[PDB]
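Residue numbers (the entry's author numbering), protein chains in the order written: chain K, 12 to 146; chain J, 12 to 146; chain M, 12 to 146; chain F, 80 to 146; chain L, 12 to 146.
Ideal Cβ positions, reconstructed from N, Cα and C, are used throughout, including at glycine.
Following: one structure in structure tokens, then a few remarks.
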Amino acid sequence: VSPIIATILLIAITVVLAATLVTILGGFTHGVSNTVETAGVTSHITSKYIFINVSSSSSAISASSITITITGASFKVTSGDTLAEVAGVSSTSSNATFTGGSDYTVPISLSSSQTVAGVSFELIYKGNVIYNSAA
Amino acid sequence: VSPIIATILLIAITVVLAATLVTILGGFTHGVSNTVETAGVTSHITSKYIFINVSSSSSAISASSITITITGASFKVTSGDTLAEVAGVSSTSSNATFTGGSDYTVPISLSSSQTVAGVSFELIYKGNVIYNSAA
Amino acid sequence: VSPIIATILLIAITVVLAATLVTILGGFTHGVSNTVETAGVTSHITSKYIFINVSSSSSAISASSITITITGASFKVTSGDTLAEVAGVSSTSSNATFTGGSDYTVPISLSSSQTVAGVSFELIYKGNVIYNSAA
Amino acid sequence: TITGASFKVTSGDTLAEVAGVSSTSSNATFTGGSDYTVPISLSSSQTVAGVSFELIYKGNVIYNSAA
Amino acid sequence: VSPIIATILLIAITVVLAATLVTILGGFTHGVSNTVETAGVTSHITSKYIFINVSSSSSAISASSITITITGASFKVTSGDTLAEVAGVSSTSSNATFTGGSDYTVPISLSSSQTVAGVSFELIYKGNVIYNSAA
Ligand SMILES: *[C@@H]1O[C@H](CO)[C@H](O)[C@H](O[C@@H]2O[C@H](CO)[C@@H](O[C@@H]3O[C@H](CS(=O)(=O)O)[C@H](O)[C@H](O[C@H]4O[C@H](CO[C@H]5O[C@H](CO)[C@@H](O)[C@H](O)[C@@H]5O)[C@@H](O)[C@H](O[C@H]5O[C@H](CO)[C@@H](O)[C@H](O)[C@@H]5O)[C@@H]4O)[C@H]3O[C@@H]3O[C@H]([C@H](O)CO)[C@H](O)[C@H](O)[C@H]3O)[C@H](O)[C@H]2O)[C@H]1O
Ligand SMILES: *[C@@H]1O[C@H](CO)[C@H](O)[C@H](O[C@@H]2O[C@H](CO)[C@@H](O[C@@H]3O[C@H](CS(=O)(=O)O)[C@H](O)[C@H](O[C@H]4O[C@H](CO[C@H]5O[C@H](CO)[C@@H](O)[C@H](O)[C@@H]5O)[C@@H](O)[C@H](O[C@H]5O[C@H](CO)[C@@H](O)[C@H](O)[C@@H]5O)[C@@H]4O)[C@H]3O[C@@H]3O[C@H]([C@H](O)CO)[C@H](O)[C@H](O)[C@H]3O)[C@H](O)[C@H]2O)[C@H]1O
Ligand SMILES: *[C@@H]1O[C@H](CO)[C@H](O)[C@H](O[C@@H]2O[C@H](CO)[C@@H](O[C@@H]3O[C@H](CS(=O)(=O)O)[C@H](O)[C@H](O[C@H]4O[C@H](CO[C@H]5O[C@H](CO)[C@@H](O)[C@H](O)[C@@H]5O)[C@@H](O)[C@H](O[C@H]5O[C@H](CO)[C@@H](O)[C@H](O)[C@@H]5O)[C@@H]4O)[C@H]3O[C@@H]3O[C@H]([C@H](O)CO)[C@H](O)[C@H](O)[C@H]3O)[C@H](O)[C@H]2O)[C@H]1O
Ligand SMILES: *[C@@H]1O[C@H](CO)[C@H](O)[C@H](O[C@@H]2O[C@H](CO)[C@@H](O[C@@H]3O[C@H](CS(=O)(=O)O)[C@H](O)[C@H](O[C@H]4O[C@H](CO[C@H]5O[C@H](CO)[C@@H](O)[C@H](O)[C@@H]5O)[C@@H](O)[C@H](O[C@H]5O[C@H](CO)[C@@H](O)[C@H](O)[C@@H]5O)[C@@H]4O)[C@H]3O[C@@H]3O[C@H]([C@H](O)CO)[C@H](O)[C@H](O)[C@H]3O)[C@H](O)[C@H]2O)[C@H]1O
Ligand SMILES: *[C@@H]1O[C@H](CO)[C@H](O)[C@H](O[C@@H]2O[C@H](CO)[C@@H](O[C@@H]3O[C@H](CS(=O)(=O)O)[C@H](O)[C@H](O[C@H]4O[C@H](CO[C@H]5O[C@H](CO)[C@@H](O)[C@H](O)[C@@H]5O)[C@@H](O)[C@H](O[C@H]5O[C@H](CO)[C@@H](O)[C@H](O)[C@@H]5O)[C@@H]4O)[C@H]3O[C@@H]3O[C@H]([C@H](O)CO)[C@H](O)[C@H](O)[C@H]3O)[C@H](O)[C@H]2O)[C@H]1O
Ligand SMILES: *[C@@H]1O[C@H](CO)[C@H](O)[C@H](O[C@@H]2O[C@H](CO)[C@@H](O[C@@H]3O[C@H](CS(=O)(=O)O)[C@H](O)[C@H](O[C@H]4O[C@H](CO[C@H]5O[C@H](CO)[C@@H](O)[C@H](O)[C@@H]5O)[C@@H](O)[C@H](O[C@H]5O[C@H](CO)[C@@H](O)[C@H](O)[C@@H]5O)[C@@H]4O)[C@H]3O[C@@H]3O[C@H]([C@H](O)CO)[C@H](O)[C@H](O)[C@H]3O)[C@H](O)[C@H]2O)[C@H]1O
Ligand SMILES: *[C@@H]1O[C@H](CO)[C@H](O)[C@H](O[C@@H]2O[C@H](CO)[C@@H](O[C@@H]3O[C@H](CS(=O)(=O)O)[C@H](O)[C@H](O[C@H]4O[C@H](CO[C@H]5O[C@H](CO)[C@@H](O)[C@H](O)[C@@H]5O)[C@@H](O)[C@H](O[C@H]5O[C@H](CO)[C@@H](O)[C@H](O)[C@@H]5O)[C@@H]4O)[C@H]3O[C@@H]3O[C@H]([C@H](O)CO)[C@H](O)[C@H](O)[C@H]3O)[C@H](O)[C@H]2O)[C@H]1O
Numbered sequence: 012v013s014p015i016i017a018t019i020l021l022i023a024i025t026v027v028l029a030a031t032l033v034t035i036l037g038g039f040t041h042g043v044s045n046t047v048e049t050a051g052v053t054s055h056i057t058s059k060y061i062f063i064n065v066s067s068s069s070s071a072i073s074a075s076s077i078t079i080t081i082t083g084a085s086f087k088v089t090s091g092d093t094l095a096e097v098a099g100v101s102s103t104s105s106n107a108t109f110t111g112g113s114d115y116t117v118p119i120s121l122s123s124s125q126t127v128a129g130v131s132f133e134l135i136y137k138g139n140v141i142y143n144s145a146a
Numbered sequence: 012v013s014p015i016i017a018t019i020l021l022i023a024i025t026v027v028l029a030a031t032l033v034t035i036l037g038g039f040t041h042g043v044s045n046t047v048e049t050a051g052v053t054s055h056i057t058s059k060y061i062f063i064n065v066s067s068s069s070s071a072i073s074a075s076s077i078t079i080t081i082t083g084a085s086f087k088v089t090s091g092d093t094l095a096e097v098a099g100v101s102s103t104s105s106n107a108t109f110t111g112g113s114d115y116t117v118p119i120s121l122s123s124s125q126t127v128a129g130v131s132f133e134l135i136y137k138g139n140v141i142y143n144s145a146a
Numbered sequence: 012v013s014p015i016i017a018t019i020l021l022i023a024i025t026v027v028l029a030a031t032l033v034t035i036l037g038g039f040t041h042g043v044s045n046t047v048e049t050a051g052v053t054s055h056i057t058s059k060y061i062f063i064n065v066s067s068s069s070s071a072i073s074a075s076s077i078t079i080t081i082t083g084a085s086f087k088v089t090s091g092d093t094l095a096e097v098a099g100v101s102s103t104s105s106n107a108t109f110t111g112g113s114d115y116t117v118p119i120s121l122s123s124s125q126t127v128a129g130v131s132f133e134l135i136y137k138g139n140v141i142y143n144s145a146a
Numbered sequence: 080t081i082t083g084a085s086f087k088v089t090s091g092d093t094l095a096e097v098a099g100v101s102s103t104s105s106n107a108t109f110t111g112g113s114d115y116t117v118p119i120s121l122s123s124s125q126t127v128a129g130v131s132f133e134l135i136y137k138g139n140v141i142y143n144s145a146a
Numbered sequence: 012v013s014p015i016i017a018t019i020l021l022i023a024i025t026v027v028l029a030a031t032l033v034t035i036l037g038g039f040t041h042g043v044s045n046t047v048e049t050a051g052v053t054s055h056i057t058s059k060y061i062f063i064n065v066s067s068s069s070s071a072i073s074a075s076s077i078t079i080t081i082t083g084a085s086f087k088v089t090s091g092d093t094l095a096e097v098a099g100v101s102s103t104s105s106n107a108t109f110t111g112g113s114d115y116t117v118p119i120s121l122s123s124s125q126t127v128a129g130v131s132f133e134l135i136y137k138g139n140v141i142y143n144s145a146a
């Protein structure tokens, strides 16, 4: 009798270990994706505007998917920080897509202590910095 | 008595499980091989002929092992689709082996609607495309 | 008893899988070598002779290791197609090695329909084309 | 083991034996830096392009020239 | 009884194998680091002195971290073979760091048989040769 009953108990234990292992693996098998992007970008800064002109890109991406951050200055548009938003890009505009041939103008404001030589900015896509004016 | 008899039964069951597992593994341990090939190939297309000239290759391979496929045209030789066959390669010919220094001429025919600008072809070896004229 | 016997069977199976894998890898770990060569070569063609003059090379190599192929003409020497052989290079000759300062003369014959403007040739080493008169 | 050819040494089929390895020879041990030369013979119908061979140790194939 | 006891023994064996494997891996996971360095160096040799002038370097490094070796001559300073040591570099000296703009003078002695045309030297950092006067 007893060697067969002991075998049935060990099968029951084995299934719970396998079910446990499956939940451990689930912490590895997510959140990996191709996030690399690369663009030819040129820029010019003035007391009132930043100009951004794109010559080429690795892929065609929405101007709403790109986040812009700034130091030494402030944006004249206050709703948020996507490139489409601060640049005043309408959905019908040619500049709705970030690719070679797209140009943007961003309006900015400086304090009494701030100066043009102190201003810099960065473009971020999927958590990677794709451009930095101070490079 | 009974604990020993129960043990003999469990050994008999164990052998059949091991024999079962061996047949499961046989579905994994076959059909893996090194099929990669790479060649410097140049080509010119005309209303009557395709010319193919080889400058180098990763390995030396038989011209009968390479399959050719075509669109926008048709072959003048109708027996099949190996490179040796459609190019009229005899077994004594220098061009029996695909390597740097081997040249081939393939004769072709166009319909009333077909034109030279529409023709393209590919070379396939061991199920991989090794050249494509429209790349 | 049975969990230990099952373990011994799984070790026996494991060794055969490892031995199988070793024979799969053997199809990758051969036939890779540095075959690149590069030479400064100049040439002149006439109704009777091809002249080939070498100014520099990436390495010093035997004139018997180089294969020559021709179109629009034929060689006067019929034994084979190595450069040393068709050029009549003796083992004591200065031109036994292909390097800067080595010169070769190859004798050729044309049919009633062939002409000097139609002749061309190539030099091949380790399956790569190293010179082509029609480039 | 060999196909498409034959060994010039006929006593057997161990690597040491067909290669003519003496017990004092450097090549008595199979390791990095060991080199062997095996002499062979071809028939009137056999050719170099047809020859291939394999090395076997403890019943496993460890090398195959036709891989 | 016995299938559970056999399972407890196999767990005990498993832990010792895992502990063994951990000590095998420790032979791989050490002694890998970025040791590459690259410098623009120029030098002049005389019957009494070697002059060494640095124009640029990949990184800024201590003159005590660089080892110098010589042939065809001997150093006038006998304590050792670091660059700082044989060149007489004090800790306050500008030339304490190896970078563009650092210059060194090393005093040397020749035998009755030695001559200036026979002298050469090398600079070594982290086991890599970074300069060789006879290149
Ligand atoms: C699983 O597999 C599937 C199949 O392959 C998918 O691949 C999935 O991946 C997800 O897919 C969903 C659906 O495509 C994605 O959700 C979209 O997310 C984008 C953001 S993104 O940066 O552009 O990539 C948008 O938010 C998009 O929304 C569209 O629709 C919005 C609402 O429009 C709807 O309602 C109006 C009426 O108000 C209708 O006229 C219209 O037809 C539609 O029904 C739009 O506002 C939006 O415009 C702007 O959106 C963002 C800002 O939010 C901006 O970045 C864009 O550039 C654009 O200017 C856009 O047109 C999402 O699509 C879904 O749409 C449904 C809607 O019901 C239609 O089905 C929802 O209402 C939501 O809007 C939204 O879920 C998701 O991102 C992918 O992960 C795999 O996971
Ligand atoms: C992506 O693609 C899109 C689409 O192609 C854009 O091109 C985007 O780049 C943006 O382009 C816009 C448009 O040029 C830029 O916005 C302008 O900034 C200029 C200054 S500039 O020196 O001329 O170059 C202007 O300020 C312009 O606005 C005009 O409108 C102002 C407000 O007028 C509005 O309101 C009145 C009522 O009060 C209405 O009657 C009128 O119709 C209009 O709706 C005017 O004050 C302004 O006059 C003076 O402006 C400046 C001083 O600020 C001065 O330098 C000028 O010479 C001029 O004398 C001018 O007439 C801005 O355009 C936007 O206009 C909207 C308005 O709602 C209409 O849409 C806003 O009110 C803001 O005024 C402004 O956003 C933008 O900066 C670029 O990013 C590409 O990236
Ligand atoms: C690999 O390596 C091999 C070996 O080196 C090849 O080089 C291969 O490349 C192939 O080369 C062959 C040979 O050149 C190519 O085939 C020829 O195509 C030409 C056209 S071309 O413009 O001259 O360049 C010819 O069509 C040539 O055929 C000749 O033969 C035709 C038929 O004659 C046969 O039958 C008669 C009886 O009717 C016999 O008396 C005769 O002896 C022969 O057996 C002739 O019609 C033809 O005359 C005219 O041809 C064309 C018009 O089509 C015209 O442009 C010419 O100016 C000429 O006036 C010519 O005399 C083709 O060669 C093959 O010949 C065989 C024949 O059986 C002998 O073997 C076939 O019958 C076909 O005619 C043809 O396949 C080939 O295209 C290349 O792939 C390398 O890749
Ligand atoms: C690498 O390095 C090597 C070594 O340095 C070579 O330099 C090689 O380049 C080769 O050089 C040789 C030698 O020059 C070239 O071969 C010659 O081609 C010339 C033609 S040319 O216009 O003068 O330049 C000659 O044909 C020369 O042969 C002579 O020999 C012929 C045969 O004579 C032989 O047989 C008779 C018996 O019948 C013997 O008595 C005699 O001793 C000899 O063994 C003669 O016919 C020939 O006379 C006429 O030749 C031509 C017409 O073809 C005419 O233009 C001349 O003006 C002359 O009146 C001449 O006396 C070729 O040299 C080789 O000679 C051997 C012979 O066995 C001796 O070795 C062969 O029999 C061939 O005749 C021939 O191969 C070669 O072409 C270059 O590749 C570098 O690349
Ligand atoms: C492991 O490590 C060991 C030890 O280091 C080996 O290196 C082994 O590799 C083997 O090496 C041997 C030695 O090189 C190879 O055997 C030789 O094959 C060559 C041919 S080759 O082209 O020169 O490379 C020779 O055949 C050589 O034999 C010589 O001996 C022949 C017979 O002479 C014997 O008998 C006469 C009496 O008749 C005696 O006087 C003499 O002293 C000797 O005992 C000669 O015929 C031969 O002359 C010609 O040989 C060939 C033609 O076959 C020709 O190409 C040559 O240019 C030359 O003109 C030459 O003098 C082989 O060596 C062995 O010699 C023994 C002999 O008993 C002495 O030990 C046998 O009789 C055989 O002749 C032969 O086995 C071997 O192939 C490699 O495997 C590493 O793997
Ligand atoms: C683990 O993680 C840590 C934290 O990140 C480290 O990264 C560690 O890496 C090791 O760090 C230690 C400590 O930094 C390194 O040891 C130094 O090795 C260098 C050699 S190196 O080529 O310059 O790179 C030096 O030997 C250095 O010593 C300094 O101190 C010496 C003694 O000075 C002490 O005593 C005097 C009184 O006599 C005091 O006034 C002084 O304040 C100090 O307490 C100096 O002689 C020495 O000068 C010269 O040293 C070398 C020649 O030996 C020469 O090449 C230099 O250019 C320089 O001219 C230098 O100033 C080591 O630092 C440690 O200092 C302690 C001391 O107690 C202070 O803490 C010891 O006494 C030893 O001197 C020494 O261990 C080690 O190389 C790194 O691997 C990670 O592994
Ligand atoms: C890194 O950065 C550092 C700091 O900037 C250095 O620049 C280093 O390069 C080194 O520079 C030093 C300094 O120039 C070089 O050493 C000198 O070699 C010259 C020869 S040279 O042709 O003039 O160019 C000198 O030999 C010089 O020494 C002087 O001192 C000698 C000894 O005098 C000492 O002892 C006496 C007592 O006997 C004291 O009174 C005196 O104060 C001093 O302490 C003198 O003999 C010498 O006179 C003659 O020297 C030569 C012949 O050898 C002759 O050509 C001259 O024209 C002159 O007539 C001269 O006055 C060396 O400097 C060091 O001096 C120390 C001394 O202890 C003081 O510190 C040693 O004793 C040695 O003499 C010597 O090391 C060095 O070669 C460079 O590597 C950068 O790489």
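query	result
Sequence-ordered residues whose beta carbon comes within less than 7 Å of a heavy atom of ligand 6	L/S73, L/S75, L/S76, L/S102
The segment 18 to 26 of chain M touching the segment 80 to 99 of chain J, judged by at least three CB pairs closer than 8 Å	no
L/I81: first and last residue of the uninterrupted beta strand (DSSP E) it sits in	78 to 82
J/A50, DSSP secondary structure in three states	strand
M/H41: contacting residues in chain F (beta-carbon distance under 8 Å)	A146
Environment of K/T31 [buried if 16+ CB atoms lie within 10 Å]	exposed
Chain-order list of residues whose beta-carbon lies under 8 Å from that of J/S73 (same chain, five-residue window excluded)	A95, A107, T108, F109
Spatially closest choice to L/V140 from L/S105, L/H55, L/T46, L/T53, by CA coordinates	L/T46
C-alpha gap between L/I135 and L/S123, whole angstroms	29 Å
Identity of the residues DSSP links to F/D114 by a beta bridge	For F/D114, which the question treats as bridged, DSSP gives no partner whatsoever.
Host beta strand (DSSP E) of J/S67 (start-end)	60 to 68
Interface residues of the segment 49 to 72 of chain J facing chain M [CB-CB below 7 Å]	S66, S67, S68, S70, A71
Under 5 Å, CB to nearest heavy atom of ligand 2: contacting residues	K/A98, K/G99, K/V100, K/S104, K/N106, K/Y115, K/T116, K/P118
Minimum Cβ-Cβ distance from M/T34 to chain F less than 7 Å	yes
Beta-ladder partner(s) of L/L134, from DSSP	L/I79, L/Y142
Helix, strand or coil at F/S90 [DSSP, three-state]	coil
Contact list for M/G99 against chain F, beta-carbon separation under 9 Å	Correct list: empty, because the minimum Cβ distance to chain F is about 27 Å.
Start-to-end residues for the alpha helix (DSSP H) that takes in J/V127	From DSSP, J/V127 is part of no alpha helix (DSSP H); its letter is neither H nor E.
Proximal residues of chain F, C-beta to C-beta of M/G91 below 7 Å	Those do not exist, as M/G91 stays about 16 Å from chain F at its closest Cβ, beyond 7 Å.
Buried versus exposed call for K/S102 [16 or more other C-beta atoms within 10 Å across all chains shown]	exposed
Own chain, CB closer than 6 Å to M/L121, minus 5 neighbours either side, in chain order	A84
Contacts that J/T110 makes with chain M (C-beta to C-beta distance below 7 Å)	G138
Residue of J/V12, J/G138, J/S131 minimising C-alpha distance to J/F62	J/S131
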